[PDB]
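See below for the structure under consideration.
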Amino acid sequence: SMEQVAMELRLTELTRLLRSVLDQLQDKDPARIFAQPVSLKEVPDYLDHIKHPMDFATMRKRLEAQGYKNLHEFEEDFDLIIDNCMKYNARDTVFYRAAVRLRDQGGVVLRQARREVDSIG
Ligand code: NA
């Protein structure tokens, strides 16, 4: 149908906007602490601690398969990155401190993206 295509055109535009958002969020991680999943070879007990791991590469695979239906789903995944890190790592570590910084710097990007998604529909 023509409806299904128009729907698909909007998913594709949401995907374009979220791609730009993802890039902007990932620039706030210049150390690449959150680039890739936590290694199970190097942290073998990780899944005893964290039940839903998340990272920027895994968000990128979902993004390019148009797997985010809305911004809420995308933000849930970004918060997992941050929240997992703040639980697994202690306060006085470079990892926890990197999460805090990504959260604070990410918030501004996310604020405007919500406006843009609401505004453009
Ligand atoms: Na902790």
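Atoms within a ligand are numbered from 1 in the order they appear, just like the ligands themselves. Residues take their numbers from the sequence shown, with the count starting at 1.
Pairs of residues two or more places apart, or lying in two chains, that qualify as salt bridge (charged side-chain N to carboxylate O under 4.0 Å, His left out) and include a residue from residues 21-40 are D23-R60.
Of all protein N/O/S atoms, those under 3.0 Å from the Na ion (ligand 1) are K87 O, and waters are not counted.
The minimum heavy-atom distance between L63 and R19, with the atom names listed, is CD2-CA, 3.5 Å. Minimum heavy-atom separation, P37 to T58: CG-OG1, 4.2 Å.
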Side-chain polar contacts of residues 89-96 - donor-acceptor pairs under 3.5 angstrom, sequence neighbours left out - could you list them?
| from | atom 1 | to | atom 2 | distance (Å) |
| --- | --- | --- | --- | --- |
| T93 | OG1 | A90 | O | 2.7 |
| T93 | OG1 | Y96 | N | 3.3 |

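Of the N and O atoms on the side chains of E8 and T12, not one donor lies less than 3.5 Å from an acceptor on the other residue.
Considering only residues two or more places apart in sequence or on other chains, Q36 meets the side chain to side chain donor-acceptor pair (under 3.5 Å) condition with none of them.
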